[PDB]
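What follows is a single structure, written as C-alpha cells, with notes after it.
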Amino acid sequence: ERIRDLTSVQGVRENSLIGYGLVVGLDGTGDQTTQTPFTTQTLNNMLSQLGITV
Amino acid sequence: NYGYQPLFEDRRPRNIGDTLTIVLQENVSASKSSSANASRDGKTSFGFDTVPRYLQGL
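In order, the protein sequences belong to chains z and A.
Its first residue numbered 20, the first sequence is counted upward by one per residue in the deposited numbering.
Its first residue numbered 59, the second sequence is counted upward by one per residue in the deposited numbering.
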C-alpha cells in the first residue's frame, strides 16, 4: 500500500470549480449592501428570475 | 421548457431570438484647416539733384 502513496496515475486528476452565490438566513450578520452593490444587484436578478420585479 | 436559467447572473441575450436594448449615443466631430502665405516688397532709387562739374560726364 505504498505505490498508491508515492505516485499518481496519469489522467486520474482533480480539477477546480468556482462560482458565485448568495447566503441567506443570517442573524443580522450579512452584507451591508451599501458598500457591496453586487449583493443587491444579484438579489434583484434572482427575484426577477423568480417573477418579482423590484 | 426554456432550459437552464441562471439565478444570480444578469439577464443577457444568449441565443437566437433574444432581445437586447441598444442606447444609440453617437457624437463624432472632426475638423482640419491650414493656410500659407508669402510676400515680397522691394523699392530702390537713386537721384543726383545737383551734379558737380567734374562728375557731369558720369
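Don't be surprised by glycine CBs; every beta carbon is placed ideally from N, CA and C.
Candidates the options, of which the one nearest residue i by Cα
i, options, result
"residue 68/z", "96/A, 66/A, 83/A, 60/A", "66/A"
"residue 41/z", "29/z, 20/z, 66/z, 30/z", "66/z"
"residue 78/A", "68/A, 85/A, 86/A, 63/A", "68/A"
"residue 73/A", "83/A, 60/A, 85/A, 82/A", "60/A"
Nearest-angstrom Cα separation, counted from residue j out to residue i
i, j, result
"residue 59/z", "residue 73/z", "11 Å"
"residue 35/z", "residue 24/z", "22 Å"
"residue 55/z", "residue 62/z", "12 Å"
"residue 90/A", "residue 83/A", "24 Å"
"residue 46/z", "residue 76/A", "40 Å"
"residue 51/z", "residue 57/z", "11 Å"
Chain-ordered chain z contacts of residue i [CB-CB under 9 Å]
i, result
"residue 65/A", "40, 41, 61, 64, 65, 68, 69"
CB contact below 9 Å: residue i versus chain z
i, result
"residue 72/A", "no"
Chain z contact residues for residue i, given Cβ-Cβ distances below 7 Å
i, result
"residue 68/A", "64"
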